[PDB]
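Single-letter residue listing:
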Amino acid sequence: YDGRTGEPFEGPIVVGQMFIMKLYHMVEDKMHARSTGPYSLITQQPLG
Amino acid sequence: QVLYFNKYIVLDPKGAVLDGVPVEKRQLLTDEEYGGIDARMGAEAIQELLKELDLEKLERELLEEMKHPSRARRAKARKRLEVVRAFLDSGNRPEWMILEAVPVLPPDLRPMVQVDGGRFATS
């Protein structure tokens with residue numbers, strides 16, 4: 001059944017308990033953004 | 001290679017030429033291969049050398065060994081010009097190739113930044 005609309009799906013559906021996992025990568029450690037900020041002094045540009 | 005380091009003396013000028021053998025307005029002579037100098041060593045040699053060096057004449061001393069040659073070492077002959085004419089119809093003079101001035105680039109380019117306290121990191 002599609003909880004949103006009382007009508008169920010129109011085709012049996014393969015269902016069951018599937019073992020899964022959470023991997024090393026987790027956006028939380030990726031993701032960034034810089035409008036401005038730390039300008040290197042060596043090369044003369046954004047770093048650190 | 002031997003015209004600065006390893007001593008070896010160059011034969012610049014002038015000076016009427018043969019000491020135990022002629023010796024064809026061109027070069028060297030060995031260290032303890034006496035003679036004297038009246039030429040020098042170091043780059044001064046190649047310097048006052050270049051300067052006093054007919055520019056156009058070689059356009060002729062090469063434009064005469066270009067049509068009546070063997071074709072074995074009369075091959076580099078041409079190549080001489082390729083630098084030659086390269087200096088001529090160019091506006092660039094030789095000599096200067098030996099430096100009477102060894103410049104210094106700016107600081108803000110070869111930095112002296114402070115590392116973690118008092119010990120630095122030159123470029």
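Let me begin by describing the structure that accompanies this report. (Residues numbered from 1 in each chain as written, not as in the entry; some residues may be left out. Chains lettered and ligands numbered in written order. Part of a larger assembly, values for the part shown. Heavy atoms only, no water. Residues with missing side-chain atoms left out of burial classes, pairs and counts.)

### Focus on the overall build of chain B
Reasoning step 1: Secondary structure assignment for chain B yields three helices and two strands.
Reasoning step 2: Starting at the N terminus and walking to the C terminus, you meet the elements of chain B as α-α-α-β-β.
Reasoning step 3: Each principal axis of the C-alpha distribution contributes one length, and for chain B these read about 70 × 40 × 25 Å. (Helix = DSSP H or I, 4+ residues; strand = E, 2+ residues; numbered from the N terminus.)

### Examining the overall build of chain A
Reasoning step 1: Within chain A, the secondary structure is distributed over zero helices and zero strands.
Reasoning step 2: Its C-alpha atoms put chain A at 65 × 25 × 15 Å along the principal axes.

### Some remarks on unusual backbone geometry
Reasoning step 1: A positive phi angle, near 75°, is found at A:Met31, a position not held by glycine.
Reasoning step 2: Look at B:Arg40: it is not a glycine, yet its phi comes out positive at around 120°.
Reasoning step 3: Mapped onto the elements of the fold, B:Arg40 is located in the segment before α1 (42-51).

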